[PDB]
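Enquirer: Take this structure, written in structure tokens, and hold onto it; I'll ask about it next.
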Amino acid sequence: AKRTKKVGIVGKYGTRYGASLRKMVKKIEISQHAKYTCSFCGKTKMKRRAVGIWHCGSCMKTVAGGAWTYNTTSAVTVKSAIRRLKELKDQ
Amino acid sequence: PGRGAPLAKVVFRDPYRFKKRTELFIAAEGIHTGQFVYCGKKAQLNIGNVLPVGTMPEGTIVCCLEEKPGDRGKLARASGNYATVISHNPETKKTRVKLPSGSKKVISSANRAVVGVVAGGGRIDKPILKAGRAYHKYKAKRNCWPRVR
Amino acid sequence: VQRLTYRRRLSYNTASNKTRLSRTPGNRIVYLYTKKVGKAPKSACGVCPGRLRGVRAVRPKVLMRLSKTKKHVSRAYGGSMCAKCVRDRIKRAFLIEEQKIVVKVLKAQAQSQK
Amino acid sequence: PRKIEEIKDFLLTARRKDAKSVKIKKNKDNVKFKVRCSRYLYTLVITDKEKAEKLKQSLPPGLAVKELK
Amino acid sequence: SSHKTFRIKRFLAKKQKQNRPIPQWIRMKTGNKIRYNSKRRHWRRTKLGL
RNA sequence: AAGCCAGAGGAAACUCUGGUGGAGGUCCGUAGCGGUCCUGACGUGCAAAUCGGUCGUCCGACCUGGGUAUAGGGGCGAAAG
RNA sequence: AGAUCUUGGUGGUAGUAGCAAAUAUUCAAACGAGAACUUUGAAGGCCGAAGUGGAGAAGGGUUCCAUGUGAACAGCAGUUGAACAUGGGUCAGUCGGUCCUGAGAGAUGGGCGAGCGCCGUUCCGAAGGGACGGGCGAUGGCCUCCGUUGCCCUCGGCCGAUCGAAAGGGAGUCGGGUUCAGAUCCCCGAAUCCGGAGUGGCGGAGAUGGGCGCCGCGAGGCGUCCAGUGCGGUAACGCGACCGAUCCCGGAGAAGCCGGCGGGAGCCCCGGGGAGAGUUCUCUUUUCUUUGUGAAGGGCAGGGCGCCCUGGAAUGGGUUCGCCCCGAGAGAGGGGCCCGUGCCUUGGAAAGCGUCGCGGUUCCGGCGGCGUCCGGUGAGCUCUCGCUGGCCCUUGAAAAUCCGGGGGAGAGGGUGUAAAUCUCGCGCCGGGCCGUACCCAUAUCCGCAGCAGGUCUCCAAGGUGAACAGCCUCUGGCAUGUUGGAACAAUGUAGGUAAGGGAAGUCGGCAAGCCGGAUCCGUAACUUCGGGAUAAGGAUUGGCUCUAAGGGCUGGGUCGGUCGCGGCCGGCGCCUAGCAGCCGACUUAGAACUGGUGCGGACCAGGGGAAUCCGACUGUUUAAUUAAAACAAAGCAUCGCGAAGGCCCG
Ligand SMILES: [Mg+2]
Ligand SMILES: [Mg+2]
Ligand SMILES: [Mg+2]
Ligand SMILES: [Mg+2]
Ligand SMILES: [Mg+2]
Ligand SMILES: [Mg+2]
Ligand SMILES: [Mg+2]
Ligand SMILES: [Mg+2]
Ligand SMILES: [Mg+2]
Ligand SMILES: [Mg+2]
Ligand SMILES: [Mg+2]
Ligand SMILES: [Mg+2]
Ligand SMILES: [Mg+2]
Ligand SMILES: [Mg+2]
Ligand SMILES: [Mg+2]
Ligand SMILES: [Mg+2]
Ligand SMILES: [Mg+2]
Ligand SMILES: [Mg+2]
Ligand SMILES: [Mg+2]
Ligand SMILES: [Mg+2]
Ligand SMILES: [Mg+2]
Ligand SMILES: [Mg+2]
Ligand SMILES: [Mg+2]
Ligand SMILES: [Mg+2]
Ligand SMILES: [Mg+2]
Ligand SMILES: [Mg+2]
Ligand SMILES: [Mg+2]
Ligand SMILES: [Mg+2]
Ligand SMILES: [Mg+2]
Ligand SMILES: [Mg+2]
Ligand SMILES: [Mg+2]
Ligand SMILES: [Mg+2]
Ligand SMILES: [Mg+2]
Ligand SMILES: [Mg+2]
Ligand SMILES: [Mg+2]
Ligand SMILES: [Mg+2]
Ligand SMILES: [Mg+2]
Ligand SMILES: [Mg+2]
Ligand SMILES: [Mg+2]
Ligand SMILES: [Mg+2]
Ligand SMILES: [Mg+2]
Ligand SMILES: [Zn+2]
Ligand SMILES: [Zn+2]
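These protein sequence lines map, in sequence, to chains Lp, LA, Lg, Lk and Ll.
In PDB author numbering, each residue carries its 1-based index in the first sequence increased by 1.
In PDB author numbering, each residue carries its 1-based index in the second sequence increased by 51.
In PDB author numbering, each residue carries its 1-based index in the third sequence increased by 1.
In PDB author numbering, each residue carries its 1-based index in the fourth sequence increased by 1.
In PDB author numbering, each residue carries its 1-based index in the fifth sequence increased by 1.
Printed below as a string of structure tokens:
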């Protein structure tokens, strides 16, 4: 059945810490414990090992990523910017 | 331990004797194991390469930037941070960068730096939520945590 | 039940004080101080997580008295690297050295002009 | 201890220079010839009663033939 | 304790040897003025320095 | 708690039910650690701070041995001089 | 004569307070001058496996153990003693230290310092004293020839002395016996690790085959030439060795906490067979005890695998308690490896144990007989091993030490019963130094003491039960905690009960009392939607006799058509709604009967509700009068600082 109406994963915290702090940590805890699909083998086994370290069980590929998400939106725009600058370094 | 930024073990070939050199970089976000990095003047713009800021485009952003030409990385080392190359001048061999605190600084064009932002992302976004989690965070760093007013 | 005692002067349940129960021919249970559990070598590739096969799994100083055959496998890198990651290296070394011949021939027809 | 299965290899272990004694122990089902070497105690077990008698009379000279009964 | 050093054990050896009554014939000596061993030490009454 | 299974209702959007799972500075409560109340006992005591009952916490900012470091206007202090 | 004078001695108090924490003693006998206290026996009890049991670390230091004394000490006594006296007792290659490094400590170089010195630990050092290798040599000497040895060439960063763990890392010893007191140390017996062998101890491997000329009837022989630093499997990998330096790469050492399952053992439980006891007023084929196989080899079960080969899967499938896995190769078939602490075997029964005897060496490892058996269960408990998960802004040592691989500088013999070499089998020699007794606590330690305090761990039986709870018991232990006897006043301390009332007592429901387990129902306001919540409230609960449901193993034939009273395949048949027999757990539900309505019968075991103030919560705090509203805390906000820097020590 549906066991919790709205708290979701942060039901482990009970009533503590305040509703908005539990809600803020809810989206982070969902992404932090999520299993992403590895872009090297295609298996959905890329999971967080430590903070900033994402490791794939299947292909044993470890990649440095975000603290909670597999890759942060900041570094995504950075990679596009660097690619744009490299193709602009030559003509 | 005591750091939010992951480290990278990178193995080079020693050029003067038959040996392997094990360096401990600071991981730029996006690097992975079994990936080649290239350090030198002639390296090209890729995430993880270590090349001088003088041989960079006018807007590239760097990860572990030296303060003095010749030492090792000293700036933008904490997780998610980065410097930004602003401008050069071939006269006087200087390069202006934007430090994470927004401070502009003039450094030599021979200062090396990783290309990219340092991994570890937005670690400060998650509320600690617990006196215990702060207790464990500072047990890895130094005896400073319970702060009496 | 017949309760037991330690047979040495180490009275704490540390890692070097593990015991197992043994029934002597005198029909009494006594402690027997076990050796530690050894592990087979990990692969030198540092990628795959399994340990090597065909190699006796003992403490490091037991290898000093083991036979040579018990400590390795009859193959190149045997006893130091897994078979799977050796085949990859044989293919990789061959194919990349083929690539160098390709770029050498490609520049060979590129230097036909002056 | 090392267990000896056949007869002729028990002979030259018994005639080895470091062999000190031979003990013959008769059970309810077999006879055991135990030769005491420097390192091991080699034991040969014979179920046949007549085979044990022949081997006992054929034991090498200059060696203890101690019986355990 | 059971685990002791050689230096400690030898120290206790001297203390044990000299914790004994005076010989009986000492009192017969001329100009004696000694009645009993006044340096007697009991293990429970007083403890050793070490 | 998340995750997972099956079933049902719905024109869809989506919802509901029963299991499974075993989270948590989670609750009751031992050992441990602590020390609320009786302002109980004792108060030339068993004790230069203990005892009885009742109690707080009991997977964690948990309890603990040993090895180390910090020394007097100095140390150390989740702070009471 | 004074100074709360100094020192010493002595009174009254006073034969007084007191010798009251943890249930408990009694009978007979012995020794003895003497017995509440000693010892033995009988009984009644307690600790009740988280012990009042059996062993250790720290600490003590002879308290250990015999014999003797009865002065003093053991707050009564004592024939007893942890007292006194006299003797005796601690046996190691494999148990520790010793070795390694850890947090750290600490020299030298250097710097400072009036100076003893102290800063610093890689920093501002010419910091390698070593190496198989090759050469020049002295032929030191069983001068054939390999060991010496001086020098030279080449190579050589642990880049830092040294110390730092009797709980970390760390090769390799177990079974039985023995003493008044010691044993993994002695003795008996089985092993094993490291080191060594100069003349090299023995085997085995390397390694001993082909081509051609001939002899010889062929077989088998002679001469020449050529290889020969092993071999097998498609693979995983295997076989008994399997040449190899400097150098390089890697592994082991070497890893947190928590959850859930599975394998193995030990214990516990049940059914029988022995042996010995117990009860027998009656019953009870009954109740109790006991019923081994060490290390190290070999073999086989079993457990695991992120190992291999075939093959190519959607109508997706396999599979777990949970998960999870698959065209990056599922399912299936066939293999490989690791662990093997389980079983068999060598050890091994000769020993040990239980019983029944027979002799004696004041006091025999005496001798002898018989046995040391077959089974079944399990969410059981404790270890251990494995698999798979979860948690971390926490990611959970280091170094000695040992090993594998890459590479191929070199070495070795000219086909000899060969050479260099060997991580293979067996054989030979050695392992020095220090510790080792005992207590480890309501009496061997600290607390002035035989002090209700404090002091680090290991093992862990039956019943009830959710349970390592409480309560009763077995193994083991003890004598009620520094005295006993007689009485049963007051006051007390600890524990109960109390008619009718029910907080009227009191500053205040202080204290006590009520409630309490489990099952079935039933649960409000409010709320951060998680909670409140065991809300509140109600019913039931015993004993006995049954009835249901929840499982596991085997076997399912139509037949001699023939014979190796049974099978090589099939003429020969339709469990295909599944049956047959055997075995075995607890649990749940339903019913009848029955008791003076008593039944969570002891034990264990929440009083509840409505509000107000404060602190969010969990945590912490004035050891010895304050546990709080105080501190901390996450969260929020501000400040300084880009290293020639901020803050701080000196
Ligand atoms: Mg504060
Ligand atoms: Mg056994
Ligand atoms: Mg004392
Ligand atoms: Mg809690
Ligand atoms: Mg609680
Ligand atoms: Mg208080
Ligand atoms: Mg009081
Ligand atoms: Mg006077
Ligand atoms: Mg006067
Ligand atoms: Mg009196
Ligand atoms: Mg009294
Ligand atoms: Mg009792
Ligand atoms: Mg004890
Ligand atoms: Mg004694
Ligand atoms: Mg007395
Ligand atoms: Mg004495
Ligand atoms: Mg050096
Ligand atoms: Mg040392
Ligand atoms: Mg140790
Ligand atoms: Mg003893
Ligand atoms: Mg056996
Ligand atoms: Mg398969
Ligand atoms: Mg026997
Ligand atoms: Mg002892
Ligand atoms: Mg005491
Ligand atoms: Mg003192
Ligand atoms: Mg009493
Ligand atoms: Mg008494
Ligand atoms: Mg006492
Ligand atoms: Mg009344
Ligand atoms: Mg009444
Ligand atoms: Mg009133
Ligand atoms: Mg009144
Ligand atoms: Mg009260
Ligand atoms: Mg309420
Ligand atoms: Mg009933
Ligand atoms: Mg509070
Ligand atoms: Mg608040
Ligand atoms: Mg406190
Ligand atoms: Mg106080
Ligand atoms: Mg706020
Ligand atoms: Zn992957
Ligand atoms: Zn591999």
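Even for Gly, the Cβ is constructed at its ideal location relative to N, Cα and C.
(1) What are the boundary residues of the beta strand (DSSP E) that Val104(Lg) is part of?
(2) Should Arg11(Ll) go down as buried or exposed, given a rule of 16 or more other Cβ atoms within 10 Å for buried?
(3) I'd like the list of long-range same chain contacts for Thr20(Lg), defined as Cβ closer than 6 Å, with 5 residues on each side in sequence excluded.
(4) Helix, strand or coil for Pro103(LA)? Go by DSSP, reduced to three states.
(5) Using a C-beta cutoff of 8 Å, does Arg184(LA) count as contacting chain Lp?
(6) Quick check on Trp69(Lp): buried or exposed, where buried means 16 or more other Cβ atoms within 10 Å of its Cβ?
(7) Taking Cβ positions, are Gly53(Lp) and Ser130(LA) nearer each other than 8 Å?
(8) Can you list, in chain order, every residue whose CB sits closer than 6 Å to a heavy atom of ligand 43?
(9) In the DSSP assignment, find the beta strand (DSSP E) that holds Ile8(Lk) and state where it starts and stops.
(10) Under 8 Å, Cβ to Cβ, is there at least one residue of chain LA near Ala76(Lp)?
(11) Between the region 97 to 109 of chain Lg and the region 16 to 24 of chain Lk, can you find at least three pairs of beta-carbon atoms closer than 8 Å?
(12) Are three or more beta carbon pairs between the region 56 to 69 of chain LA and the region 30 to 47 of chain Lp nearer than 8 Å?
(13) Please state the DSSP three-state secondary structure of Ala82(Lp).
(14) Which residues, taken in chain order from the region 13 to 41 of chain Lp, show a beta carbon closer than 7 Å to some beta carbon of chain LA?
(15) Listing by chain order, which chain Lp residues have their CB less than 9 Å from the CB of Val113(LA)?
(16) CA-CA distance, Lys105(Lg) and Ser113(Lg)?
(17) Looking at the structure shown, is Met47(Lp) part of a helix, part of a strand, or coil, going by DSSP?
(18) For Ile5(Lk), which residues of its own chain have a beta-carbon under 6 Å away from its beta-carbon, when the five flanking residues on both sides are left out?
(19) Establish whether the CB of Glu74(LA) and some CB of chain Lp are separated by less than 8 Å.
(20) When you check each C-beta in the region 163 to 180 of chain LA against every C-beta of chain Lp, which residues fall closer than 9 Å?
(21) So what does DSSP say about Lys177(LA), is it helix, strand or coil?
(22) State yes or no: is the beta carbon of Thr45(Lp) nearer than 8 Å to at least one beta carbon in chain LA?
(23) Taking only beta carbons into account, state which residues of the region 84 to 103 of chain LA come closer than 8 Å to chain Lp, listed in chain order.
(24) Which runs of the alpha helix (DSSP H), 4 residues or longer, sit entirely within the region 115 to 196 of chain LA?
(25) In terms of residues, what are the limits of the alpha helix (DSSP H) holding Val64(Lp)?
(26) Going by DSSP, which residues form a beta bridge with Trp55(Lp)?
(27) Does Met29(Ll) pass the burial test, meaning 16 or more other C-beta atoms within 10 Å, or should it be called exposed?
(28) Contact between the region 80 to 97 of chain LA and the region 72 to 82 of chain Lp: three or more CB pairs below 8 Å?
(29) Starting from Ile47(Lk), follow its DSSP beta bridges and name the residues at the other end.
(30) Skipping 5 residues on each side, what residues in its chain have a beta carbon closer than 7 Å to that of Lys46(Lp)?
(31) Between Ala16(Lg) and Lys40(Lg), how many whole angstroms is the CB-CB distance? I'm expecting something under 8 Å.
(32) Quick one: grab the DSSP three-state call for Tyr18(Lp).
(33) How do the region 12 to 21 of chain Lk and the region 53 to 70 of chain Lk stand: do at least 3 beta-carbon pairs fall below 8 Å, yes or no?
(34) Given that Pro151(LA) touches chain Lp, what residues does it touch there, using C-beta distances under 8 Å?
(35) Mind checking which residues open and close the alpha helix (DSSP H) that includes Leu13(Ll)?
(36) Would you kindly work out how many angstroms separate the C-alpha atoms of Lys156(LA) and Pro61(Lg), rounded to a whole number?
Expert: According to the structure data:
(1) Run containing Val104(Lg): none in the beta strand (DSSP E); it sits in the alpha helix (DSSP H), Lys85 to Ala109.
(2) By the neighbour-count definition (other C-beta atoms within 10 Å, threshold 16), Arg11(Ll) is an exposed residue.
(3) For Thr20(Lg), same chain residues with a beta-carbon under 6 Å away, outside a window of 5 residues either side, are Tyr32 and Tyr34 in chain order.
(4) Looking at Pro103(LA) - three-state DSSP - the assignment turns out to be strand.
(5) It does not: the Cβ of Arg184(LA) has no partner Cβ on chain Lp nearer than 8 Å.
(6) Per the 10 Å Cβ criterion, buried.
(7) It is a contact, given that the beta carbons lie within the stated cut-off.
(8) Listed along the chain, these residues meet the criterion: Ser44(Lg), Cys46(Lg), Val48(Lg), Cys49(Lg), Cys83(Lg), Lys85(Lg) and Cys86(Lg).
(9) No beta strand (DSSP E) holds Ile8(Lk); DSSP gives it neither H nor E.
(10) For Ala76(Lp), the answer is yes, since a Cβ of chain LA falls inside 8 Å of its Cβ.
(11) The answer is no - the region 97 to 109 of chain Lg does not touch the region 16 to 24 of chain Lk, with fewer than three Cβ pairs under 8 Å.
(12) As far as the Cβ criterion goes, the region 56 to 69 of chain LA does not touch the region 30 to 47 of chain Lp, which means the pair count is below three.
(13) Looking at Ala82(Lp) - three-state DSSP - the assignment turns out to be helix.
(14) When C-beta distances to chain LA are compared with 7 Å, the residues of the region 13 to 41 of chain Lp below that value are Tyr18, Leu22, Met25, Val26 and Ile29, in chain order.
(15) Against chain Lp, a Cβ distance below 9 Å from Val113(LA) picks out nothing, because the smallest value is about 10 Å.
(16) Distance between the alpha carbons of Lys105(Lg) and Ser113(Lg): 13 Å.
(17) Strand at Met47(Lp).
(18) Excluding residues within five positions, the ones whose Cβ falls inside 6 Å are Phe11, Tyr43 and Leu45.
(19) No, because no Cβ of chain Lp sits closer than 8 Å to the Cβ of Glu74(LA).
(20) Cβ contacts with chain Lp: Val166, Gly167, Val168, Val169, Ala170, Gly171, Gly172, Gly173, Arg174, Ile175, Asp176, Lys177, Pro178 and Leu180.
(21) In this structure, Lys177(LA) counts as coil in the three-state DSSP scheme.
(22) Not an interface residue.
(23) Per Cβ criterion, the list reads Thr84, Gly85, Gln95, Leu96, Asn97 and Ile98.
(24) As far as the region 115 to 196 of chain LA is concerned, its whole alpha helix (DSSP H) runs of at least 4 residues are 182 to 190.
(25) It is not in any alpha helix (DSSP H) - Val64(Lp) instead sits in the beta strand (DSSP E) that spans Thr63 to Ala65.
(26) Under DSSP, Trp55(Lp) takes part in a beta bridge, and its partners are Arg49(Lp) and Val64(Lp).
(27) Result: exposed.
(28) With a cut-off of 8 Å, the region 72 to 82 of chain Lp and the region 80 to 97 of chain LA count as touching, because enough Cβ pairs lie within range.
(29) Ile47(Lk) pairs with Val32(Lk).
(30) Closer than 7 Å at Cβ, skipping near neighbours: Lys36, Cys39, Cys57, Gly58 and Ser59.
(31) Between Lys40(Lg) and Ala16(Lg) the Cβ distance is about 15 Å, and since that is not below 8 Å, they are no contact.
(32) DSSP places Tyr18(Lp) in the coil class of the three-state scheme, outside both helix and strand.
(33) Taking a cut-off of 8 Å on C-beta distances, the region 12 to 21 of chain Lk touches the region 53 to 70 of chain Lk, as three or more cross pairs fall below it.
(34) What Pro151(LA) touches in chain Lp: nothing, since even the nearest Cβ is about 12 Å away.
(35) For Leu13(Ll), the enclosing alpha helix (DSSP H) stretches over residues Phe7 to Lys18.
(36) Those two C-alpha atoms are separated by around 55 Å.
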